[PDB]
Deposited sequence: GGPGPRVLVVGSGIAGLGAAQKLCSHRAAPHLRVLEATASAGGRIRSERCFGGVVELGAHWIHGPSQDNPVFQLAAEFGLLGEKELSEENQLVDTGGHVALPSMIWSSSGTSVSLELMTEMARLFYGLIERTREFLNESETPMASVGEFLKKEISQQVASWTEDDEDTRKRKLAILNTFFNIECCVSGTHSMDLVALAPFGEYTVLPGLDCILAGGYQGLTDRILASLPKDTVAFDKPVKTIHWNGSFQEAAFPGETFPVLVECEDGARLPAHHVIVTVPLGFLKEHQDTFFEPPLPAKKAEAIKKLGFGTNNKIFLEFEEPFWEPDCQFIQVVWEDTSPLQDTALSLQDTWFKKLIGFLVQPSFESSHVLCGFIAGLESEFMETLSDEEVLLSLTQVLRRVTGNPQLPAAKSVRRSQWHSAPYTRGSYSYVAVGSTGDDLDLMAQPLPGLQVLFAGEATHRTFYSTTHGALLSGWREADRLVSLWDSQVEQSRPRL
């Protein structure tokens, strides 16, 4: 049938291929040696760690990733329960515990303000450009009605957790009016115990034999042409995919699923002729930030067996001091804390420029510095050093160049719709998490965008017979 090339074998590319293959001549071209992309589960410390996607966000009926995980046998009773579908130790950098009552009070203050960002939905000329500016103004009003330093330090950790959630260096970089367009499905977030990559491996396995080609990065997509196949008779095609290895692959349709960070760096060379201006501008304007994981293995657990998260509050910090491009005093003060892995393993999370700095450090520097942080925040100078480390390095990854999109100051939800806009004749189509207006920065948004592009192409194919139908 028609020749389709899907660029990228993350969940969006795999989802598009699955729908289309189930009769086109279809190949998926993956730059790296395996499938999954930002779903990347690795065998480490004798078990499995998630370098990328970690949770099914909102594991309920309308989440297609939850439905596939269930179909594939990748979830347990708790995760599949009706109860789950319907839905900590806090340390200060002074080495003392933070009161649960005070933490609850500040969580209510902060998350109440996050809910108020909905007041800006559909506003053309917002008073403040960013979520961070709105939050800071409201916190300043609260402070004028108020220990005060301790409250501001706890609030600073909530800002840093929000940076992880948005995948931004700062909430001051996140556009205010578009913020509430992101949709949260119900359900208590859950992991896939065998690794998130089990999901993408199963979708790949259902494709026809050898659909996905690995270590096959694409250099340039040549479109808007009339290109002859290197065979006699020379059948003509609108597109040629030029691979980094020199392969010249003709196609009728190319579905691009590469990450937004890759497009920001390479859009000028990756498409010939250039992308239309409004699409090129959407790529530039949208946000694409870094969030990384730092796994630390210990010989023995120093935490309580029941502890799930070791949250850190950095004393004397305040969100009212920080601006959109300011850095914390040291890179590790951007770390929110550590999740206990369910061997004794912790998983630290860090977003932004301090996270990109962490990637430039050696494994030894990260391990030693974090051992020192842990000795400091737990108030135990004799805490044993971590045995080993495994960290993600998403900003450094040449085919990704960050973690996930956000609607940055200067962009709107309309830019995510421009990312999805196909090129004329559906010669080039776009899927991926940064093409979904309400589920961007998730696995289910990437999956849904791949199904969207497959449905768009099937409708074109089904319409071709009508070109030959006369009126009389």
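Trainee: Missing CA coverage against the deposited sequence, listed in sequence order.
Mentor: Residues lacking C-alpha coordinates: 1-3, 26-28, 94-102, 162-167, 364-367.
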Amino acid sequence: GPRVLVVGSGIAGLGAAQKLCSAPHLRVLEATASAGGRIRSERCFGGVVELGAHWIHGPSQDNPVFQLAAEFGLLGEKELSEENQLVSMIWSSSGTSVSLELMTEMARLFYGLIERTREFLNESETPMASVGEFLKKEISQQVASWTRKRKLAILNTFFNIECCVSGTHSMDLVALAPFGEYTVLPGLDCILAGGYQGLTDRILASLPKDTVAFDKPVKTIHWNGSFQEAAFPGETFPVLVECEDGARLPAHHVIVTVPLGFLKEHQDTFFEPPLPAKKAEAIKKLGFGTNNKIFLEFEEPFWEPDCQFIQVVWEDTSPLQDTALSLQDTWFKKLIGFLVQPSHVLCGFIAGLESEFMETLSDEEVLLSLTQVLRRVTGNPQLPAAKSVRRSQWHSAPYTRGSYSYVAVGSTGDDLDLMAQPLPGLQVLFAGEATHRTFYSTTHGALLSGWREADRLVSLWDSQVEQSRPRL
From here on, numbers count along this sequence of modelled residues.
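Trainee: Within the set of other compared PDB entries, does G180 lack a model in a third or more?
Mentor: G180: modelled in all of the comparison entries.
Trainee: One third of the other compared structures is the cut-off here: is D363 left unmodelled in that many or more?
Mentor: No.
Trainee: Do the CA atoms of 293-301 or those of 314-322 have the higher mean B-factor in the entry?
Mentor: The stretch with the larger mean CA B-factor is 314-322.
Trainee: Look up the CA B-factors in the entry and say which stretch, 252-260 or 326-334, has the higher mean.
Mentor: Stretch with the greater average CA B-factor: 326-334.
Trainee: When you compare the CA B-factors of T168, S145, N160, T400 as listed in the entry, which one comes out on top?
Mentor: Within the set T168, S145, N160, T400, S145 shows the top C-alpha B-factor.
Trainee: Which one of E181, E359, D215, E229 shows the biggest C-alpha B-factor in the PDB entry?
Mentor: Of the candidates given, the C-alpha B-factor peaks at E229.
Trainee: If you rank every modelled residue in this chain by C-alpha B factor, which third holds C44: lowest, middle or highest?
Mentor: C44: CA B-factor falls in the highest third of its chain.
Trainee: Would you please rank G8 by its C-alpha temperature factor against the other modelled residues of its chain and give the third it falls in: lowest, middle or highest?
Mentor: Ranked within chain, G8 CA B lands in the lowest tercile.
Trainee: Divide the modelled residues of the chain into thirds by Cα B-factor and specify which third, lowest, middle or highest, holds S22.
Mentor: Highest third of the chain for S22's C-alpha B-factor.
Trainee: Could you place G73 in the lowest, middle or highest third of its chain by Cα temperature factor, using the values in the record?
Mentor: Lowest third - that is where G73 ends up once the chain's C-alpha B-factors are sorted.
Trainee: Should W91 be placed in the lowest, middle or highest third of its chain by the C-alpha B factor in the entry?
Mentor: According to the entry, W91 has a C-alpha B-factor in the chain's highest third.
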